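Chemist: fold the following, please.
(chains A, B, C, D, E, F, G and H)
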Amino acid sequence: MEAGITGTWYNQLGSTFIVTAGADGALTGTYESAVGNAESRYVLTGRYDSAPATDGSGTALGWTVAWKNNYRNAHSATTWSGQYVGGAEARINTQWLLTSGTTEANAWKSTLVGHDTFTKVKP
Amino acid sequence: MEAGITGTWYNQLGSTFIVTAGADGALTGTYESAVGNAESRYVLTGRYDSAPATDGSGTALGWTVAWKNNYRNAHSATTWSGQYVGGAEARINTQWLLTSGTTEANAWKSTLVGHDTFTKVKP
Amino acid sequence: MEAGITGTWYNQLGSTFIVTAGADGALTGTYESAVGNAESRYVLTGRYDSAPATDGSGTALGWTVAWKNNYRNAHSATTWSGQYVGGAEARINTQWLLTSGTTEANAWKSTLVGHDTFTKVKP
Amino acid sequence: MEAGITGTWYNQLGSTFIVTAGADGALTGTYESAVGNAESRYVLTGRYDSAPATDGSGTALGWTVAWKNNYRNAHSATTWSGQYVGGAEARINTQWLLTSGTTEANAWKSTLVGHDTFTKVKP
Amino acid sequence: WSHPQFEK
Amino acid sequence: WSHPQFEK
Amino acid sequence: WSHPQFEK
Amino acid sequence: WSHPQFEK
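Modeler: Residues are numbered from 1 along each chain as shown, chains lettered A, B, ... in the order given. Here you go, the structure:
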């Protein structure tokens, strides 16, 4: 139902996040590269607060991408957790966790942490 | 397709994570409390590596829960990022990010970080 | 020994980080507010790689501030982990963890995660 | 001044953390391997709340280790952020960020996140 | 304040 | 509640 | 090693 | 690649 969220978003690197915000709170779409060829496209699914507070607070949301498609398998998954802030300069501020499948011994280097900011305007 | 993942999981606190692993890589299910009444149940969606490495590495996955149901709205979303490790004592080791929708001024306290371990046996 | 690091740094919010990089790898200094009165000043200590790679890689470092001074005690500590990138526009890119002392029951909301970018020029 | 903190601590892996808690709030010591030879020993410095709440809350603290000694340089630094919980089974519960110095292009894989639990009794 | 994730 | 880290 | 998330 | 933090 969140038209505010539904659409195309771009992060600082040029990656494109295309999402549809369902009235039920579902997020569905695809994540791809700057040179968005099919080989760089991956499916995403997530959830968002479909009834946010009206006091000016952002809209909490999160989504996951498993890095496997018909062209590649990076044996990993990334989750983005953050909030949508609407307005003239709408943005989705997030923090992410990228976990790679590792052997038990290598579990110490299994999870990278970072952050991304998405906007409606191409970088 | 991951029967290994499909099923009921429990974390250290008694929370119950019921999930179905689709052949396509989709994760769908619900997250609830120890005293799992309807009021404590929330929808979850995620993704997992449906073609993991066979060298003994774990299976990367992630899921999101938006904390809104028909009984409550905590205006927040949590993402879990981790890996499934099968075997006699199967477990899902994760790290999570809980983001609450905040005003721009309060964005500094918007995201909590933690970790959870899920097992097939009730704590 | 890192003159590159020694000096005054400012983050996006106006906070001021004054540090001295010892030849041994020690970091010592103070962290304070935009309106840097004594009441907002806290001691910091950390470590940094005193013999970084010369291939263009950044200089890994980290520091801690316990939020207690003679005017206030917020019963918490923040650690910043990141790297120094020298040059015309030198910057310290970091990710931080702010942990508050909590009761065992409340340990779930004990740790906030975020990121900060510091520069030599006042915002 | 925190005798409770001063001493030898061990994490799940066998790593040994030897620290002295100064009356001023300073933490000073060394971190080493299970087979604690000199080659595995690194200097640490941090801070802790020297006047914790008495309501049963833990004691917030943090420390940093730059992974360089006279035998090796891993061009990285780890910060641990957490709290000390005293008592019969005293423990230091932490979350850590390990940042490696990277080129600007590789900054995405610069920071690993994890957690450690330290106890007074050898594992 | 508490949260549904941990009332579980 | 606020915090000294961000009152800066 | 690189990763599809950042080749974007 | 390994790391001194975990060779411990």
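Chemist: and the residue of chain A found nearest chain C, how many neighbours?
Modeler: In chain A, the residue that lies nearest chain C is residue A:115 (5.3 Å; C-beta to the nearest C-beta). All C-beta atoms are positioned from the backbone trio N, CA, C, and that covers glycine. The number of residues packed near residue A:115 is 17, by other C-beta atoms under 10 Å in any protein chain shown.
Chemist: strand C:111-119 and the helix or strand hosting it, what's the angle between them?
Modeler: Using DSSP states H and E, residue A:115 maps to strand A:111-119. Relative orientation of strand A:111-119 versus strand C:111-119 (axes from the mean of the first three to the mean of the last three C-alpha atoms, to 10 degrees): 70 degrees.
Chemist: pull out the buried residues from strand A:111-119.
Modeler: A:111, A:112, A:113, A:114, A:115, A:116, A:118 (16 or more other C-beta atoms under 10 Å in any protein chain shown).
Chemist: with distance to chain E added, can I get those residues in JSON lines?
Modeler: JSON lines is the format used below for the buried residues of strand A:111-119 (distance: C-beta to the nearest C-beta, whole Å):
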{"residue": "A:111", "distance to chain E": "19"}
{"residue": "A:112", "distance to chain E": "23"}
{"residue": "A:113", "distance to chain E": "19"}
{"residue": "A:114", "distance to chain E": "23"}
{"residue": "A:115", "distance to chain E": "21"}
{"residue": "A:116", "distance to chain E": "23"}
{"residue": "A:118", "distance to chain E": "25"}
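Chemist: tell me, which of these make contact with chain B?
Modeler: Residues of the buried residues of strand A:111-119 in contact with chain B (C-beta under 8 Å from any C-beta of the partner chain): residue A:111.
Chemist: returning to that earlier point: what's the spacing between the nearest residue to the residue of chain A closest to chain C once chain neighbours are set aside and chain F?
Modeler: Leaving out its chain neighbours, the residue that sits closest to residue A:115 by C-beta to C-beta, 6 or more residues apart in numbering or on different chains is residue A:95, at 4.8 Å. The gap separating residue A:95 from chain F is 16 Å, by C-beta to the nearest C-beta, to the nearest Å.
Chemist: show me the contacts for residue A:95.
Modeler: A:80, A:81, A:82, A:113, A:114, A:115, B:97, B:99, B:111, C:113, C:114, C:115 (C-beta atoms under 8 Å, 6 or more residues apart in numbering or on different chains).
Chemist: the fourth one and residue C:6, how far apart?
Modeler: Relative to residue C:6, residue A:113 is positioned 28 Å away (C-beta to C-beta, to the nearest Å).
Chemist: name the nearest residue to residue 6, sequence neighbours excluded.
Modeler: Chain wasn't specified; assuming chain A. Leaving aside its chain neighbours, residue A:6 sits nearest to residue A:21 (4.7 Å; criterion: C-beta to C-beta, 6+ apart).
Chemist: the intended chain is chain E.
Modeler: Closest residue to residue E:6 apart from its sequence neighbours, by C-beta to C-beta, 6+ apart: residue C:108 at 4.6 Å.
Chemist: what of residue A:78?
Modeler: Nearest residue to residue A:78 in three dimensions, chain neighbours excluded: residue A:98, at 4.4 Å (C-beta to C-beta, 6+ apart).
Chemist: partners of the strand or helix carrying that neighbour, with directions?
Modeler: Secondary structure from DSSP H and E places residue A:98 in strand A:91-100. Paired neighbours of strand A:91-100 in the sheet (DSSP bridges): strand A:73-85 (antiparallel), strand A:111-119 (antiparallel).
Chemist: please identify the buried residues of that strand?
Modeler: Result for strand A:91-100 [16+ other C-beta under 10 Å]: buried residues A:91, A:92, A:93, A:94, A:95, A:96, A:97, A:98, A:99, A:100.
Chemist: who touches stretch A:29-45?
Modeler: Counting by C-beta under 8 Å, 6+ apart, A:13-20, A:26-28, A:63-69, A:71-72, B:25-26, B:45-47, B:64, G:4-5, G:7-8 sit against stretch A:29-45.
Chemist: of the contacts of residue A:95, which is the nearest to chain F?
Modeler: residue C:114 (9.2 Å).
Chemist: got a list of what that closest one touches?
Modeler: If you count contacts by C-beta under 8 Å, 6+ apart, residue C:114 has them with A:95, B:108, B:111, C:95, C:96, C:98.
Chemist: hmm, try it at 7 Å
Modeler: B:108, B:111, C:96 (C-beta atoms under 7 Å, 6 or more residues apart in numbering or on different chains).
Chemist: export these to CSV and tack on distance to residue C:87?
Modeler: Shown next, in CSV, are the contacts of residue C:114 (distance: C-beta to C-beta, whole Å):
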residue, distance to residue C:87
B:108, 29
B:111, 30
C:96, 23
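Chemist: which of those residues sits closest to chain H?
Modeler: Taking C-beta to the nearest C-beta as the measure, chain H lies nearest residue C:96 of those, at 18.9 Å.
Chemist: roughly how far apart are the closest residue to the closest one other than its chain neighbours and residue C:69?
Modeler: Spatial nearest neighbour of residue C:96, chain neighbours left out: residue C:80 (4.7 Å); criterion: C-beta to C-beta, 6+ apart. Per C-beta to C-beta, residue C:80 is found 18 Å from residue C:69.
Chemist: same check, this time on residue A:46
Modeler: Residue A:46 sits 42 Å away from residue C:69, going by C-beta to C-beta.
Chemist: ditto for residue A:114
Modeler: The value you get for residue A:114 to residue C:69, if C-beta to C-beta is used, is 32 Å.
Chemist: what of residue A:62?
Modeler: According to C-beta to C-beta, residue A:62 and residue C:69 sit 37 Å apart.
Chemist: ok, residue C:80 and residue C:69, which is more surrounded?
Modeler: Each of residue C:80 and residue C:69 has its neighbours counted (other C-beta under 10 Å); residue C:80 has more, 30 against 19.
Chemist: bridging residues for the more buried one?
Modeler: residue C:63, residue C:96.
Chemist: quick one: buried residues of stretch A:30-40?
Modeler: A:30, A:31, A:32, A:33, A:36, A:40.
Chemist: quick one, what contacts the residue nearest to residue A:78?
Modeler: A:76, A:78, A:111, A:112, G:5.
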